[PDB]
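The form deposited in one PDB entry is given below as one chain in structure tokens.
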């Protein structure tokens, strides 16, 4: 809605979608936060009720089973909390507290059960949400998710050593890192349980599927940095200003153009990926299943765009 944060293409071409389960989603999530004691009451209130953070997921994973959606939103809520601890350990120098948390998250990620009632709340909460996401598809999917999140936490570690030492990463260095601390591939994985199917490595690694999955995440990551730029360390504008010596009203234009480019590139590959889907329906049953899944996944990749865009303006 602000002029400098406005994207006419999103407004004209990416209608908001809202999952039917959204009302209960907020409730069950705020309830869960209290259950697991991951956050003070006041903060829970403003997270799920005040700023309705579960709406982010509710405009994203359309067609997801209610229980799958709930699991996702819990994870995302936990994520929020972890993101707050990370930030806190940083402005405290709690490198010991942080390192041990890091080691434990790695541990829990591989064996969630053993950690459901672990002393550290953040750890037990995480382990519950992970354990729940692990109950929808084959262990191969579960294994891929862990392999992806292991990297995410390591990325969060490097960002820790970046923001203490006060190291502003190179332009490309950050871009690579953000794909990780933003958990691009976790979200991409979570599309699959939503559509009730683990895509074969072949299907999900098709140039169009993977490029579409990527642009969706880039847009979300870079629009995030655009909104938060004037505020200010980690941000695409900050990296541009520091290493390309760009100015604010310059780095703001560059990030903005890069965001706009994600939209129009996605429009292009989106079409490639839906062609791909059409082709997957060979006539067989398994084929029609693979076609619908990819299609629902591309649709949610498209939904991320409006979900993230409109979330920021509310």
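Positions refer to the first chain, counted from 1. We call the rigid core whatever largest set of C-alpha positions still superposes within 1.5 Å between the two forms.
Problem - Count class of coordinate-free deposited residues lying between the neighbours residue 232 and residue 233 - result: In the record, 4 to 9 residues between residue 232 and residue 233 lack coordinates.
Handout entry: Mean Cα B-factor comparison, 88 to 96 or 132 to 140, giving the higher one as deposited
Key = Here the higher of the two C-alpha B-factor means belongs to 88 to 96.
Handout entry: 275 to 283 set against 43 to 51, stretch whose average Cα temperature factor tops the other in the entry
Key = Looking at the record's C-alpha B-factors, the answer is 43 to 51.
Exercise for the section: From the list 105, 238, 203, 191, select the residue with the highest C-alpha B factor recorded in the entry. Expected result: Max CA B-factor in the entry, restricted to 105, 238, 203, 191: 238.
Problem - Of the residues 211, 184, 147, 165, the one carrying the largest Cα B-factor as recorded - result: Comparing C-alpha B-factors across 211, 184, 147, 165, the maximum falls on 165.
Problem - Chain third (lowest, middle, highest) by recorded CA B-factor, residue given as residue 250 - result: Highest third - that is where residue 250 ends up once the chain's C-alpha B-factors are sorted.
Exercise for the section: Pull the Cα B-factor of residue 308 out of the PDB entry and bin it into the chain's lowest, middle or highest third. Expected result: Lowest third of the chain for residue 308's C-alpha B-factor.
Practice task
Going by the recorded CA B-factors, say which third of the chain residue 242 sits in, lowest, middle or highest.
Solution key: For residue 242, whose C-alpha B-factor we compare with every modelled residue in the chain, the answer is the highest third.
Problem - Where the record places residue 228 (Cα B-factor, split into thirds across the chain) - result: Highest third.
Handout entry: Third of the chain, ranked by Cα B-factor, where residue 157 sits
Key = For residue 157, whose C-alpha B-factor we compare with every modelled residue in the chain, the answer is the highest third.
Form deposited in another entry: not shown, discussed below.
Problem - Candidates 153, 177, 203, 90 - which moves between the shown form and the other one, C-alpha at least 2 Å, core fixed - result: Residue with a C-alpha shift of 2 Å or more: 177.
Practice task
Spell out whether the Cα of residue 267 moves at least 2 Å between the shown form and the other one when the two forms are superposed on their rigid core.
Solution key: Residue 267 C-alpha, core-superposed: shift of less than 2 Å.
Practice task
Determine, after fitting the two forms on their core, whether residue 40 shows a C-alpha shift of 2 Å or more between the shown form and the other one.
Solution key: The answer is yes; the displacement is at least 2 Å.
Practice task
Note whether the distance between the C-alpha atoms of residue 297 and residue 179 decreases (closer) or increases (farther) in the other form, against the displayed form; the change is 3 Å or more.
Solution key: Compared with this form, residue 297 and residue 179 lie farther apart in the other form.
Practice task
Look at the CA atoms of residue 181 and residue 215: state whether they lie closer or farther apart in the other form than in this form, given a difference of 3 Å or more.
Solution key: Their C-alpha distance shrinks by at least 3 Å in the other form.
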